[PDB]
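In: once you've seen the sequence and the experimental structure below, I've got questions.
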Amino acid sequence: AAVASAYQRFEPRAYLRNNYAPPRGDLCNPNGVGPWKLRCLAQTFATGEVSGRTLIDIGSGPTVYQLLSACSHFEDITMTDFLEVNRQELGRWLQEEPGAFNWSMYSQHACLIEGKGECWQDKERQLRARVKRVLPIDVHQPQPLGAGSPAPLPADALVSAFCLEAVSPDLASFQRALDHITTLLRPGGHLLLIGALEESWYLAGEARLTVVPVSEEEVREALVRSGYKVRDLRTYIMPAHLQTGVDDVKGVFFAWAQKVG
Ligand SMILES: Nc1ncnc2c1ncn2[C@@H]1O[C@H](CSCC[C@H](N)C(=O)O)[C@@H](O)[C@H]1O
Ligand SMILES: O=S(=O)(NCCC(F)(F)F)c1ccc2c(c1)CN[C@@H](CF)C2
């Protein structure tokens, strides 16, 4: 409830500005964190080993880039978040309403990276078409989505970016939160986890969030303890010019894990 309390001042547009607009949001530099995250996602799905019918995005927040390469492998996509404000923001983009955040640059780069000759409008069209619902969620609950969630369970795959560490006060919480979401994933399923490395706080407007600083090994061990087979775990070290005053993140990790059940 302590963290949950802090997230009450969370400003969606301040978050988007701090992390998805320049300099961090500049996709032109191939050395940026942006191109790196999109490549990890694209390369993974390009292996063709992450497929199914349903997929759930945990703690989607007000962003969609994490689903750009995934949307063409899953016909039923469910997005989620603890904050009403974030679900509202996602709606504005999915419905193409006024003031929606502009993700066209990311769509274009996903198309560029994937290399299938696809135009970005068709990519955004496909994603919007496959996202069937935006549901509330709380990874701190043994049943994240709840009792009678409209989401098809178990899911064939899960995607989660910058959520778990951002909502857990310490390692143990991180672990449980991971066990909580893992129940949502069908045995043999896949989990694509992205997150901040060794970060302790980040700003989102008037909100100042505490973060549990984790390391690559701690993430690996946590995934194993939860019953996953780590297929891939990479690290991106945050360059100096991407070190702004919005947080103290040291790097970013990408984990492709398979629930071995
Ligand atoms: N208990 C909880 N369970 C699930 N999500 C939570 C949560 N508490 C906070 N969150 C959400 O977790 C998000 C962390 S920011 C990450 C946003 C997005 N996934 C990205 O890649 O940028 C926020 O949207 C916040 O509202
Ligand atoms: O800089 S990033 O690695 N990616 C943004 C740049 C982009 F969009 F181009 F990929 C990033 C994204 C989100 C967050 C961070 C970094 C670090 N703070 C967390 C707190 F939860 C949120």
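Out: That came in fine, so what should we check first? Numbering: from 1, shown residues only. Ligands and ions are numbered 1, 2, ... in the order given.
In: closest to the centroid, which residue in the protein?
Out: residue 161 (2.3 Å; Cα atoms, centre = their mean).
In: helix, strand or coil for the closest residue to ligand 2 within the stretch 51-200 of the chain?
Out: Using Cβ to the nearest ligand atom, residue 166 is the residue of the stretch 51-200 of the chain that sits closest to ligand 2, at 3.2 Å. C-betas here are computed from N, CA, C, even on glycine. Counting by DSSP: H, G, I helix; E, B strand; the rest coil, the backbone at residue 166 sits in helix.
In: next up, the contacts around the closest residue to it other than its chain neighbours.
Out: Nearest non-adjacent residue to residue 166, counting by Cβ to Cβ, 6 or more residues apart in numbering: residue 211, 5.6 Å away. By Cβ atoms under 8 Å, 6 or more residues apart in numbering, the residues touching residue 211 are 165-166, 196, 199-202, 247.
In: switch the cut-off to 10 Å
Out: Going by Cβ atoms under 10 Å, 6 or more residues apart in numbering, residue 211 touches 3, 162, 165-169, 195-196, 198-202, 247-249.
In: among these, name the buried ones.
Out: Neighbour counting with 16 or more other Cβ atoms under 10 Å marks 3, 162, 165-168, 195-196, 198-199, 202, 247, 249 as buried within the contacts of residue 211.
In: check those and tell me the two furthest apart.
Out: Longest distance between any two of those is 18.4 Å, between 3 and 198; criterion Cβ to Cβ.
In: next to ligand 1, which bits of the chain? Give me the list.
Out: 7, 10, 59-61, 63, 66, 81-83, 86, 137-140, 161-163, 166-167 (Cβ under 6 Å from any ligand atom).
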